[PDB]
Structure formats: structure tokens, C-alpha cells
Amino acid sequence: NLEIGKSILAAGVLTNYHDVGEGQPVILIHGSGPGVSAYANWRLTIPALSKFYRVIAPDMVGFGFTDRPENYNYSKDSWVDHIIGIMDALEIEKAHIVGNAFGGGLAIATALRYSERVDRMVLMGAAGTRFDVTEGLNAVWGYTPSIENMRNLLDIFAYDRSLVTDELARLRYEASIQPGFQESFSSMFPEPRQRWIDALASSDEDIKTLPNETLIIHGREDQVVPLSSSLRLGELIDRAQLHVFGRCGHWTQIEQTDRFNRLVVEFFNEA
């Protein structure tokens, strides 16, 4: 199983992670969803970035193959603690961070609590602002296992539905039912879900204080996180650039892979 990488104790949690490349460190933080993991999210990104950077992609607690602590309290602050714990464990004093959706919210939160530990940030279809719950988001967080339910989620994520094959739906469904996966995931964002979007968000006031060079990326047709949210981030963060991909859904790293990889590498190259 390629989703299984290396193991390390971080913030007291046995963590599954991938570490490829050499040089300036870049932390990739995956999004949220049933069966999501660092590999599933970044398999097409790591190869490109690792040619110029040291790429670290961990499975956040509660997701992938990282340990799922008994009675663990899933929260924005605890997830930020995990990210910092991973960096500490690997002696990563400062790093660039790429956060996808849920992970984008965590990236912002990490940069706010540990500003000196974060250099440049790439926020993709990122959580981080309070936006009204969408049916797409409620469908993802409210997922229960079935190939049809997974097919719907994939449809929700994709701009080009022809990419949603029976095989992909089957494989992602299987990933979602691995031991303890659905259990931890379903316990994370129970109804009403607006509470969790708000909990993952950072205040306008705090976001405005971010000094980091930031690249905000969003798919025009994103059905999960509205484009308006990234437009808002683009107005709040001072040293920000906004790049919107037309004909692109919620996972820009998959549907606009080459463009995304090029933009990210060049953005970090400036540093």
C-alpha cells in the first residue's frame, strides 16, 4: 500500500508520513474527506516538488494511517499541534506550507500561532474563513460508506465528471472503510456542520496580520468551498496572489496538475 510511508512520533502520536527530496522543507497538508490521506492527496504533487525541495506529507491525526488516539479531541488547535510536532520531530525549524482545503485552514492557523515556523504558504480551496455551508461540504463530511455515495463525492470534487470512473469510486470506497477510518471521520464534523467550518476559520483581524508571501489557489467551479472564500482571503492577506483556474473543481492539484505544480515550484523558487 503506497499510502503507507514512514512512521514517527509527533506530538505524542505515531504518525504516517512521506518524506521525499532534499533542500528547503515544504509541508503538504491534505484536505478532509472519507479515506483521504497524504498520499491520496499529493501523489501527483510530491514527484514534481521533490525535484527541488524536501517534501514532507503527513497523515493528519484522525486520517490515513496515523494513529487514532482513544478519546482524542479533534480540533483546529490539536491539529496545529500535530503539524508543529511533526516539524519538531524532523528538526524542521521553518518551512513553506501547502494546505488543501481543510489543510489550508490548518496552515493559516499554524502561521498565526507559530509565525516564525512558517515561511511561504499556498492555500488551495482553503478553509480559514467563515463561509456558509455548501451541500457539497455537507455531503463530504456527512458521508457514509457506499460506492454510490463515493461516486457522488467524486462528482462533487470534479469539474470533468468523466474522470469519475467505477474503478476510482470503488478504490476510494475501499479506502473509506478501512478499520477505524469511517469511525474517526464521522466523529469529526457532526451536524450541524457550520460549527466546524467556523471552528476551522481564523478571524479577519488575525488573517490580516499574516506577513507571509502567500499564493491562494481556487477552482472556479469548486462545489465544496465557494470561490468567494478565496477572494476574501485575497483581500485580507497583504502579500497575497490569487490564482483561479477555470474549468476546475475542488482538487486543483489533480485537474490542473501541471499548472498547479509549476505555479507552486516557481512561487517557492522566489524565496
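One-based numbering along the sequence shown.
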{"query": "Stretch exceeding the other in mean C-alpha B-factor - 83-91, 161-169", "finding": "161-169"}
{"query": "Residue stretch of maximal mean CA temperature factor, 59-67 vs 26-34", "finding": "59-67"}
{"query": "Member of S186, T134, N100, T110 with the greatest C-alpha B factor (per the PDB record)", "finding": "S186"}
{"query": "Top Cα B factor in the deposited entry, candidates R247, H18, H250, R262", "finding": "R262"}
{"query": "Relative C-alpha B-factor of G125, binned into the chain's lowest, middle or highest third", "finding": "lowest"}
{"query": "Within-chain third of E191 by Cα B-factor, per the entry", "finding": "middle"}
{"query": "Ranked against its chain, the third holding the CA B-factor of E213", "finding": "middle"}
{"query": "Third assignment of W141 from its chain's C-alpha B-factors", "finding": "lowest"}
{"query": "Among modelled residues of the same chain, the CA temperature factor third for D204", "finding": "highest"}
